[PDB]
Amino acid sequence: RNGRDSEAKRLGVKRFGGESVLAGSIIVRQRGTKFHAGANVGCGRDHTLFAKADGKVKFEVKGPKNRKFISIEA
Amino acid sequence: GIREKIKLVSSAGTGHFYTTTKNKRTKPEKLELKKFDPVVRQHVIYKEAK
Amino acid sequence: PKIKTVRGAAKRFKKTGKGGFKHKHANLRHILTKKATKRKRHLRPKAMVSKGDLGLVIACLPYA
Amino acid sequence: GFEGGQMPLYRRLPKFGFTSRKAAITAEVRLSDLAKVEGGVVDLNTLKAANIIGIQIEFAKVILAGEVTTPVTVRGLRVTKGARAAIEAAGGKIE
RNA sequence: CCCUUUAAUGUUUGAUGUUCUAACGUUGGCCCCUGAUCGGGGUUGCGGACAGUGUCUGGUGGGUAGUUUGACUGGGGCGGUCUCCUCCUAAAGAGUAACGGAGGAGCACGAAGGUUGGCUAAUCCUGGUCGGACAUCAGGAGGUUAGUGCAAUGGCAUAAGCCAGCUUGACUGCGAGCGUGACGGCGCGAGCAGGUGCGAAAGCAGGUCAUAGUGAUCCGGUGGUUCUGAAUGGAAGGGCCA
RNA sequence: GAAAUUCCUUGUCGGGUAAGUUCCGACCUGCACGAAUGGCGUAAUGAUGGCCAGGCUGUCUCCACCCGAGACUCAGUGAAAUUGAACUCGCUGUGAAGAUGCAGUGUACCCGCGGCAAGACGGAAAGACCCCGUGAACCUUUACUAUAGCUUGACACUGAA
RNA sequence: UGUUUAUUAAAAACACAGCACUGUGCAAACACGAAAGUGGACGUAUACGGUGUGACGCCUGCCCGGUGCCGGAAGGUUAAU
RNA sequence: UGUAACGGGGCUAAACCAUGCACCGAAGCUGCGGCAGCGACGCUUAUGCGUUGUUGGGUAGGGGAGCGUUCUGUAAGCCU
RNA sequence: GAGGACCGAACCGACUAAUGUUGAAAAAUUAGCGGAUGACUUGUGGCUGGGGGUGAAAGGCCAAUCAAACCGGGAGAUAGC
RNA sequence: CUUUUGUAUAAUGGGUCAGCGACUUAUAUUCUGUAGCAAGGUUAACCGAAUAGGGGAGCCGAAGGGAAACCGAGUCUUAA
RNA sequence: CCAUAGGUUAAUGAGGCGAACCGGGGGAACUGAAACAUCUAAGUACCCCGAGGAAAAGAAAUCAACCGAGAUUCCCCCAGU
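Chains as they are written, first to last, in the numbering used here: chain C, 859 to 932; chain S, 6 to 55; chain F, 520 to 583; chain G, -9 to 85.
Put into C-alpha cells, the structure is as follows:
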C-alpha cells in the first residue's frame, strides 16, 4: 500500500556564516521562511534567500519574535 | 485539464497572440485583457478567448 | 571505407570555433501554454554541449 | 551514441536549421591572398587562376585577415569595413 | 432576342427488361487432318454480350506467413508496483535503500493574479423573539488551539489569513550571479531596456504561501516572418518566431 | 449417480473377509453426470481395467539339495569406459557451509588373491526440471500486420435494336 | 474381427457397420495444379464429398441471447470510379 | 560413527584476580650487502654519472622497458 | 457347405517375464502370447518429395535422422552467453 | 586453471607427450611519439627513362558568428 | 470449289560441354535495427536464359546557367557532402 516518496529537494543552507558571497548567490533554500531576509538579501518566491550585494554572510537572531535573520555585510 | 486552451489575439492587427487557459463551462465571457504586443511595443487589447 | 557520419546527429549539432558543439535546447517544441515565458525565453538561445556528452558527439560526428 | 537504451543525445535534441546552398558557393579572401592574384586585379576569375577560392565559387568576400602590402584592385567582389580601410591604406581601389 | 422557374414533341446522358447475333463459351452432334476419346480446322446446334480472364477495388480470410506477447520480484508465476509531491526511515549540512512506515497529485483560478486602503481568528461563558449543543446579536474569556482552492511538511500578525477600491506585471527582450542534476534538464535571481497597473502623495508588481498538477525527439497542423526560393521571376517546400 | 466423473472422502448403509482406503449393491447431500464433443442398457467378444473363489504351486514362511553355463586356477590371444598428480587410513573439529589430503588425535609391517558394494558428491550425458536470453522452433486464436483463396463492383475483352 | 506410437504406451485410443446433418445438377461439389489438365468418375442425388456420432435395444428434452451458417434487403453506413 | 564443549598430553595451579619484572614471538622495526622507481640537488657542464631524501604487496586496468623465434637488407661479408 | 467363424503349424505380428544392457543383436534371445480365408500376407516393378507426401491418427512414418528428412550453398548467420 | 563475495574444495577443465591452435588485415578518423617543411603543408588518379621527375584536380590550415540572407575580428540575440 | 492446313524430299543451320568475367529474366532469408513489421541485409546468395573475347553502354528529348559544355566506358576527387 506504501512505496512512494519524492525526489529530495536539496534544501538547507548553501553558504554559511562568514562566507563571502557574490550578489545573487543563493544563501539558503527553504520551504517556509525559518530564516528571514535581513540587510542586502531578497526573499524570492519559493522563499529562497539570496545575496543582493557582495559581502559576508551574517546570521543573527533579531526581532520581537527571536526570528533568525540573514544579513549581508560588505 | 478540463480547462481549454484559448488564444488571446491582439487588436493591433499584428499576428501576435498570447495563449492561456479558461474554464469554458464556468466562464463563457470572451476574456479580454490589455496586454503587451512586442510587434508594436504598446499595450493593446487582446481578445478572442477560444 | 570512410566513416559514415551519423546523419541525424549532423542536424542536431554544429561545431564552433574552439571545438565544441552548439545545439538547440529541448522542451520548446509543443505544450507551451503551461510553460512559463521566462523558462521558454532561456531555451531559445543555442547552448553548448556539456563535458560528459562531448565524447559521445565526436564519436557521432567524425567529419565535423 | 548508444546510451544503454536511454534516448540518445542526438535524438533527445531537436534538429534545427537548413543548409543554405549559397554558403557552398561563397568563400572568404584573406588579405594575405591579395598579393598572389598575379596582376594586381582581384576579380572572381583571377582568384581561381591562382587557386585561392575554388572553381565552383560565385561570390567572394575580402576580409581583414592580414597584411595587404601592394597596390591592388578589387573588382566585383565584396569587402568588409576593415578590409576597405586596409586596401585603401596601401593604395588600392575597390570597384 | 440572351432568364430563373411550369410541364413538353425533335433530342444528349444513367440504368432496367425483352430481343438479336456477330465477338466469347461449348467438357453437344457430324466432317477432316488421321483406320489419334489430345489438339486444330470446318459445319451445324445451344448458350450469348452473359459467363470467364486482366487491371483497379471493398469485404472475408489462422488457409498460409512474418512476428510480438515488458521489467521489478527475498526463485518464477499470481498479486502489487512503475512518473511526480509531502513526512518518517536518514545517522543535527546535502544525499541515501528495501514488495520499509503513512498520505497525496495528473489540477484549480481573469480572480483565488497585481496593487492600494483596512481588518484579525477557533473554541467557550453569559444574555436570549422563535433558537435546541450549534443561525443572528451583544459582552467576557481565550490568544491563532483558527485560516491558508487541494496531501503532508516548512511557514504565515509587517500576516502568506480576511474585506473592498481600482486594475492585467498571469508583461516583451534580457540577465550579473548562483543552486541542482551523469546528462537532457530543472530552479532562484537583483539589475538593465521597452511599455503598463496600483498611491486623492510617496511607497511595488515578470502569476498564486512555498513545494505535486506532468511527456524528450520525430512527424505533421495552424498563424507570423519578404530568411532561403535547384536557369531566372514567382511559387511550392524548408528555416526562424509563436 | 460418491461414477474412468465425488473435493470433503476411507461419505453412509448393506454384502463379501478374523480384519477390506480396492470390489459389489445401494442411497443421493451430482464440489463439478446427462442425452449423436450422444444418454442409459446390452448377448457375444477382448494378450482390456478392477475384485472374488476353487484348483495349483519354492510366490512365501524359509529355504535345502542337485544338474549344466560362467565365476575360479592353468595355457593361448587380448579389450573398455575413465584418468590433474598421488607416498590414496579412522574419528572429531575446521573449512565455498557433508575432508584420504587441513587441525588435533587414534590407529596402521610390505605386497597380492577372491569377494562385497558404504564413500571417492564414483563413471556416463556443457540438467530434460527451475530460472534467465529483448534465444529458437512448432502450435493456437477474437493478438498485430500481411497474404493465397473466396467474394464485390468499375473499366477492359464487349455489340445491335 | 481389425488398426496404432519401427525402437519404453496396444489401450478405454483409431477404424468400423450403422446413424444424422450438410454440400453437391455434372464442365458436380471438392482436391492436386501460377495454368493446361487430372482425380472425383468413364460415376450422376438409391451418386459423391465434408463433418460428427459409432453394432444393436429404448431413446434424442429445453434455449436462436453469444458465435457461425442460411434467408431477406426497406433503411443506415460504405470502395474503386 | 569415537573421547569429541582445554588443539592434545596433562594441570589444584600449568586456573582466575591484582601487581611487577624478564623472555619468546612477524616477511613489522634495526643492522649488513645488493637492486630498482621517484624527487631534490647545476652534483655535473647535451647531461650522463655522482650526492641525499623517500618509495618499490597487487587483480582488473593504464603506463614504461626488454627477450627470443622465422623472414629481408647489411651478405659474392663473416662462421662452417 | 457359409463365415473380417473356431482350434492350431508355416507365415505375419509383438501381450508378459527373465536374460542381455562396454549385448551374439544400435530392439534381440528364451519360455509362454495374438491373428492365421482375410480390413490377411508376401515377391517383383511402379507412383506420391519436404511446409511437401503418406497416415484405420502416434506428431506416426518418409533410408538406424522427423513438431518439418538429407545434401550443398547464403555462411565465418547471429550468440548482451 | 577457470569462475567467483569466496575454492584444497566434494565447482569447471585437463590421461600424457609432441606438432598446430586465439586481438589480425584493409580503409577512414582522432590522439601521442617522431621526422620533414611551416602560414602554409601535401598531392590522388595518371604520365613516367618507374621507389626519381612530372601531375596542386583536390584536401587540410591560416576566421568566425548566424537557422539563413548576410556581416566579418567580430557577429548573433533584440527596437536597442 | 478455289485455297489453306497437312504430307514428303532436299539443301542449309542449330543443339552439347566449358573456370571466371558479361547482359537479361526471376529472386531469398539469416543478420542489422540491440525486440520488430517500414527499412536493412540486397537486387546479394541462388535459379534460369543468352552472348563475346570481352560484353554492355554509346553519338544528346544530355547537362549547365544567361557563361558555356559537347557520344559512351573506366579511374581520382567532389564527398560520407
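Idealized CB from N, CA, C, for every residue including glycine.
8 Å Cβ cutoff, residue i in contact with chain G
i, result
"F/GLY574", "no"
"F/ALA583", "no"
"F/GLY527", "yes"
"F/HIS542", "yes"
"F/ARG548", "yes"
"F/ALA578", "yes"
"F/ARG560", "no"
"F/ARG531", "yes"
Rounded separation between residue i and residue j - CA only
i, j, result
"C/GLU877", "C/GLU865", "28 Å"
"S/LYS40", "S/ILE11", "15 Å"
"C/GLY882", "C/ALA932", "14 Å"
"C/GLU918", "C/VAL899", "13 Å"
"G/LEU54", "F/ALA583", "26 Å"
"F/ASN546", "F/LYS557", "13 Å"
"C/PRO922", "C/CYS901", "20 Å"
"G/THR59", "G/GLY44", "24 Å"
"G/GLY29", "G/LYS83", "14 Å"
"G/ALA14", "S/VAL45", "37 Å"
"F/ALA566", "S/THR24", "27 Å"
"F/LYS521", "F/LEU580", "12 Å"
"residue 626 of chain F", "F/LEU573", "The structure shown does not extend to residue 626 of chain F, since chain F is modelled only from 520 through 583, so no value can be given for it."
"G/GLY81", "G/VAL62", "7 Å"
"C/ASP904", "C/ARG889", "7 Å"
"residue 102 of chain S", "S/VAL14", "As shown, chain S starts at 6 and ends at 55. That puts residue 102 of chain S outside it, with no answer to give."
"S/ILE7", "S/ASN28", "7 Å"
"G/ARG11", "G/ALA50", "15 Å"
"G/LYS26", "F/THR535", "30 Å"
"F/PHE532", "F/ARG548", "17 Å"
"S/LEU36", "C/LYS867", "37 Å"
"C/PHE874", "C/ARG887", "12 Å"
"G/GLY56", "G/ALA79", "13 Å"
"G/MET(-3)", "S/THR31", "42 Å"
DSSP state of residue i mapped onto helix, strand, coil
i, result
"C/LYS914", "strand"
"F/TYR582", "coil"
"F/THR556", "helix"
"G/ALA40", "coil"
"G/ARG68", "strand"
"S/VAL44", "coil"
"F/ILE577", "helix"
"F/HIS542", "strand"
"G/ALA76", "helix"
Short CB-CB distance (under 8 Å) between residue i and chain F
i, result
"G/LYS51", "no"
"G/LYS5", "yes"
"G/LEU(-1)", "yes"
"G/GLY66", "no"
"G/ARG2", "yes"
"G/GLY(-5)", "no"
"G/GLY56", "no"
The region 11 to 23 of chain S contacting the region 899 to 919 of chain C, beta-carbon criterion three pairs below 8 Å: The region 11 to 23 of chain S is not in contact with the region 899 to 919 of chain C.
- prompt: Whole beta strand (DSSP E) runs in the region 864 to 911 of chain C with 3 or more residues, listed along the chain?
  reply: Fully enclosed beta strand (DSSP E) runs of 3 or longer: 884 to 887 and 907 to 909.
Secondary structure, alpha helix (DSSP H): runs of 4+ residues fully inside the region -5 to 35 of chain G: If we require 4 residues or more, the alpha helix (DSSP H) runs fully inside the region -5 to 35 of chain G come out as -1 to 2.
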